[PDB]
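These notes concern the structure reproduced below.
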Amino acid sequence: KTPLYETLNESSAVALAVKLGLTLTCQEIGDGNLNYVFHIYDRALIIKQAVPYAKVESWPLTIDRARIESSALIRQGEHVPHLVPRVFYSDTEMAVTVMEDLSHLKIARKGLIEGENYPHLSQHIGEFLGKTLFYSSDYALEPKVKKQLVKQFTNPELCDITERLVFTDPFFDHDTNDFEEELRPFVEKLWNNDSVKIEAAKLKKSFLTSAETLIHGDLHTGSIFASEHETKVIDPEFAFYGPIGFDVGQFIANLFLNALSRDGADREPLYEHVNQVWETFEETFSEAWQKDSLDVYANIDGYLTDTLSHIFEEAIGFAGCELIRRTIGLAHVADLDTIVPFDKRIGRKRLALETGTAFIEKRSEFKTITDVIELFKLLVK
Amino acid sequence: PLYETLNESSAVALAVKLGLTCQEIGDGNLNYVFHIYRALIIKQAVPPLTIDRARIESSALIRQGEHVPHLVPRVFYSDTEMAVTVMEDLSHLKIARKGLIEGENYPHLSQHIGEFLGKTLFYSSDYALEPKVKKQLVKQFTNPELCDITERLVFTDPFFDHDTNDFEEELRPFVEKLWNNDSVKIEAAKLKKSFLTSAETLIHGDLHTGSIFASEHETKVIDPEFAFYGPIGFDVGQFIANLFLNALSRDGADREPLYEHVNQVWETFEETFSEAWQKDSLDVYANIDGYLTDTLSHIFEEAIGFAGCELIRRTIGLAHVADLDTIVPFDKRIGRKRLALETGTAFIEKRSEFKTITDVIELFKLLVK
Ligand SMILES: Nc1ncnc2c1ncn2[C@@H]1O[C@H](COP(=O)(O)OP(=O)(O)CP(=O)(O)O)[C@@H](O)[C@H]1O
Ligand SMILES: Nc1ncnc2c1ncn2[C@@H]1O[C@H](COP(=O)(O)OP(=O)(O)CP(=O)(O)O)[C@@H](O)[C@H]1O
Ligand SMILES: [Mg+2]
Ligand SMILES: [Mg+2]
């Protein structure tokens, strides 16, 4: 058999949607250069397709990621179908996912920067977190089943992006970092900080080795669609078997990153979201543990409590890496880069480094999410 | 289907067909071990458990042979479909558990196994390997059925009133004390969760004294059928526990060689792992002062915790050790088995308190006086 992959265009995408049985118009609406996102109208549909390195950032990547993203979306839909787009069709060789159109929603990072507060965002994401992370763990699944899922969701290339960018590069004078010269005194203070780098190393080691559950792997505010009443998580291409606290930490850090871009009393909705997302995660995870654990140890008093404390500790450490990583690393966030005037931008970026560092160092000292919030507020006054 | 169960005649046929008298000498019912005489061993899995364990065993032995060829039997041929490994004959050696029970002291056993542990455990980790490579090895060495036996027998069944357990009734009061101990069971749960999730290196997975050939001058580790990507501390802990199990079967001053072994195996492990880390780590963090030290402390902590589960598991679970079961008279056996439970319990609960291997040894000695 011949190679089946062919790069879609707007006409090809309409032809595909028809051949698959789902007068039409199509527009390519993709935000980056690694994927095409084809919007098809009249009822609407999205066809997403991975772009191979030769035709593309980038970042040399195979189109295998499309298989991960599709399979991860489908898995999430079995547990939280109201919190992810529906998937109608997918194909590994064509590297295509056909999914629900969510054009009536706005990317959460964009809305947050515009000053939208999204009152239910943390309640929805906390539920997403609690259910996705529990139901794919050894707590919820027979170990033989979970062990096959580890193989199926092994994601070497995309893991390599996170291992480098989240956990390694910002902490050294590496080629991928990207920061203003005004920041250099403070960046160098990080590079020279042995005790924080040792802690980042341990966190990386956990990312590399702790195959606890199927994670989303890139759950930032730009990876969520939002309106006042709805929330949908997208693009689980980084999915693999990793630490439970990782997704929780990345999301929380992106909430703090937005808080930093804001001023004064405007920060309060974000601090409320940090509190609510932890609380809802913990409640959701705990309810799932109680009802659906297969573990004979699950209902011994203190075991769930200690499990949550460890997830919490790692989540805050991971949050700290993300705070740092987004500030001086290859991949930045609009929350910080669009701060004006310039000297304010530098000052707030200095604070993301300082808060990130404190999170990493003090992760095992915090007892509750409010301790984390209260420490943050003091540091950013 | 290409699989056919060998007999003594077809074993020699295979050895000749591969261009390399016969007696089946296997000490269990799941594998045939054919000795052919220059000499050769042909091990074959029999078809409850998949014959895929033979592919794991061969692959694991070969990988071990890349780093410690002097400490594992050489492999000449292997075949997944036939479930065979053709390997070096080690008939001139004795199973270390048997020798230890007979009173052999094996002066180099500790230095040899410590070297085996340091090198096998380092060189298959993320410390030594590109993460993309390690991740392929994780897939290759996934071992669901064998891992299942360990998850059940080492980490679960002894801590509850489960059907697989096997203990003398005189031991019941002390068994029920363990079952009723919430805080120890929570800690066993955490160690099981680490076994289930922490894919740190390719481990042997069943490194007890019955899995080692020994003489005065030579040591060879065998049967890595349980191999998979698991916690670095696991093999270290199981081995140490089996040294302590032999100490419990001995009396007084005759225990000293075993305590010496426990000390030397940790020391040699730590030294070997540290030397490899220093020379062969790919990690940009490797050389920050404190990171290796903290890495070792965590390995140590887990090892002690896993030693505790192995002490308990061997005493009251499905799979016993001859060290304990052959103690006479009865009443002494029961006493020594109560101590294996109490020491294993202390190891699990106190694992993060110990600062050095000496602390572990001294605590054990105190308890078993
Ligand atoms: N289901 C959907 N409904 C409506 N618009 C969608 C959509 N999926 C994607 N889009 C549009 O396409 C953009 C790109 O989506 P997505 O984040 O999946 O692409 P990407 O994977 O190429 C980005 P990255 O490289 O940062 O991960 C979105 O921000 C959105 O505007
Ligand atoms: N390389 C070798 N050289 C000489 N004898 C060997 C040998 N490998 C195995 N044997 C002999 O056969 C016995 C069974 O070997 P082994 O322990 O590998 O098998 P097994 O896997 O069937 C046991 P278990 O069921 O407990 O795991 C050994 O105790 C030893 O006496
Ligand atoms: Mg993407
Ligand atoms: Mg065996």
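Reckoned from all heavy atoms, side chains included, excluding hydrogens, waters and symmetry mates. In what follows, every chain begins at residue 1, and chains take the letters A, B, ... in the order their sequences are listed.
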CD1 of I47(A) to CG of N35(A), rounded to nearest 0.5 Å, is 13.5 Å
Taking side chain as C-beta onward, heavy atoms only, is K349(A) less than 4.5 Å from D337(A)? yes
Between the side chains of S223(A) and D235(A), does any donor sit under 3.5 Å from an acceptor? no
The criterion is salt bridge (charged side-chain N to carboxylate O under 4.0 Å, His left out); which residues satisfy it with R267(A), sequence neighbours excluded? none
Do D101(A) and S103(A) get their side chains close enough for a donor-acceptor pair, meaning under 3.5 Å? yes
Report yes if the side chains of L208(A) and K135(B) come closer than 4.5 Å at any heavy-atom pair, otherwise no. yes
Closer than 3.5 angstrom, by distance alone: can the side chain of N275(A) be matched with the main-chain N or O of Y271(A) as a donor-acceptor pair? no
When you measure from the side chain of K232(A) to the backbone of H82(A), do you find a donor-acceptor pair of N or O atoms at a distance under 3.5 Å? yes
Is the gap between the ring centers of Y53(A) and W59(A) under 6.0 Å? no
Could you tell me whether the side chain of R184(A) reaches within less than 4.5 Å of the side chain of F179(A), counting heavy atoms only? yes
Aromatic contact between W191(A) and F186(A), with the criterion being ring centroids under 6.0 Å apart: yes or no? no
Interatomic spacing from CG in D160(A) to CD in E130(B) - rounded to 0.5 Å: 9.0 Å
Does a side-chain N-to-carboxylate-O contact under 4.0 Å join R345(A) and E180(A)? no
Would you say the rings of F256(A) and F376(A) are close, in the sense that their centroids are separated by under 6.0 Å? yes
Look only at the side chain of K134(B) and the backbone of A199(B), and say whether a donor-acceptor pair between them is shorter than 3.5 Å. yes
Side chain to side chain, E114(A) and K106(A), heavy atoms closer than 4.5 Å: yes
To the nearest 0.5 Å, what is the distance between CZ on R65(A) and CD on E237(A)? 6.5 Å
Short side-chain donor-acceptor distance under 3.5 Å, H120(A) and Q123(A): yes
With the side chain counted from C-beta on, respond yes when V84(A) and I234(A) share a heavy-atom pair under 4.5 Å apart, and no when they do not. no
Hey, are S70(A) and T97(A) close enough side-chain-wise for a donor-acceptor pair under 3.5 Å? yes
Could you tell me whether a side-chain N or O of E199(A) sits under 3.5 Å from a main-chain N or O of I360(A), the two making a donor and an acceptor? no
Check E116(A) with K110(A), please: is the shortest side-chain N to carboxylate O separation under 4.0 Å? no
So do the side chains of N177(A) and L330(A) get within less than 4.5 Å of each other, counting heavy atoms only? no
Can you tell me how far apart CG (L158(A)) and CZ (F240(A)) are? Round to the nearest 0.5 Å. 10.0 Å
Hey, could you give me the CG/NE2 distance between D247(A) and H220(A), rounded to the nearest 0.5 Å? 11.5 Å
Between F134(A) and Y139(A), what is the ring plane arrangement, given parallel below 30°, perpendicular above 60°, and tilted in between? parallel
Has the side chain of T355(A) got a donor or acceptor atom that lies under 3.5 Å from a matching backbone atom of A352(A)? yes
Sub-3.5 Å donor-acceptor pair from the side chain of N193(A) to the main-chain atoms of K189(A), do we have one? no
Do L214(A) and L149(A) have side chains that approach each other closer than 4.5 Å (heavy atoms only, starting at C-beta)? no
Any donor-acceptor N/O pair, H174(A) side chain to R164(A) backbone, under 3.5 Å: no
Other residues, nucleotides, ligands: >12 heavy atoms within 6.0 Å of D289(B) CG: no
Minimum heavy-atom distance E10(A)-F38(A), with the two atoms named: N-CE2, 3.7 Å
Please report the closest heavy-atom contact between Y285(B) and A200(A), naming both atoms and the distance. OH-CB, 3.7 Å
Between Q49(A) (side chain only) and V51(A) (backbone N and O only), is there a donor and an acceptor less than 3.5 Å apart? no
Can you measure from CG (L102(A)) to OG (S227(A)) and round to the nearest 0.5 angstrom? 10.0 Å
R350(A) and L353(A): side chain to side chain contact (heavy atoms under 4.5 Å, CB included), yes or no, with the steps? CA-CA 5 Å; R350(A) 164 190 193 168; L353(A) 294 180; 5.8 Å; no
In short, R75(A) meets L141(A) closest at the heavy-atom pair NH2-CD1, 4.3 Å
Could you tell me whether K193(B) and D138(A) make a salt bridge, using a distance below 4.0 angstrom between a side-chain N and a carboxylate O? no
Sub-4.5 Å side-chain heavy-atom contact between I68(A) and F238(A): no
Is a side-chain donor-acceptor pair under 3.5 Å present for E302(B) with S194(B)? yes
Looking only at side chains, do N9(A) and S12(A) share a donor and an acceptor under 3.5 Å apart? yes
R109(A) and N258(A) side chains, donor-acceptor separation under 3.5 Å: no
May I have the step-by-step check of ring-ring contact (aromatic ring centres under 6.0 Å, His included) for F251(A) and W278(A), ending in yes or no? CA-CA 10 Å; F251(A) 180 69; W278(A) 180 262; over 10 Å; no
Taking the six-membered ring for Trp, are the ring centroids of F318(A) and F246(A) within less than 6.0 Å of each other? yes
Contact summary for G222(A) and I107(A), nearest pair of heavy atoms: CA-CG2, 3.6 Å
Got a sec: does the CZ of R262(A) have more than 12 other heavy atoms crowding it under 6.0 Å? yes
Do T284(A) and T280(A) meet the criterion of a side-chain donor-acceptor pair at a distance under 3.5 Å? no
Result for side-chain contact (heavy atoms from CB on, under 4.5 Å) between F285(A) and one of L129(A), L304(A), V248(A) points to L304(A)
Search all heavy atoms of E163(A) against all heavy atoms of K204(A) and return the closest pair with its distance. O-CE, 3.6 Å
Geometric cation-pi criterion, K197(A) with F172(A): 6.0 Å, 45°: yes
Step through the shown structure and confirm whether more than 12 heavy atoms of other residues, nucleotides or ligands are within 6.0 Å of NZ on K202(A). yes
Using modelled atom types and a 3.5 Å cut-off, is there a donor and acceptor pairing between side-chain atoms of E313(A) and backbone atoms of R363(A)? no
Under the side chain to side chain donor-acceptor pair (under 3.5 Å) criterion, do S71(A) and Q152(A) qualify, and how do the steps go? CA-CA 9 Å; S71(A) 63; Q152(A) 161 173 357; 4.7 Å; no
Donor-acceptor contact below 3.5 Å, side chain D306(A) vs main chain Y303(A): no
Shortest non-hydrogen contact from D218(A) to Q250(A)? CA-OE1, 3.3 Å
By the definition side-chain contact (heavy atoms from CB on, under 4.5 Å), identify the one residue from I224(A), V233(A), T231(A) that meets it with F128(A). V233(A)
Counting only heavy atoms from other residues, nucleotides and ligands, does the tally under 6.0 Å from NZ of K377(A) exceed 12? yes
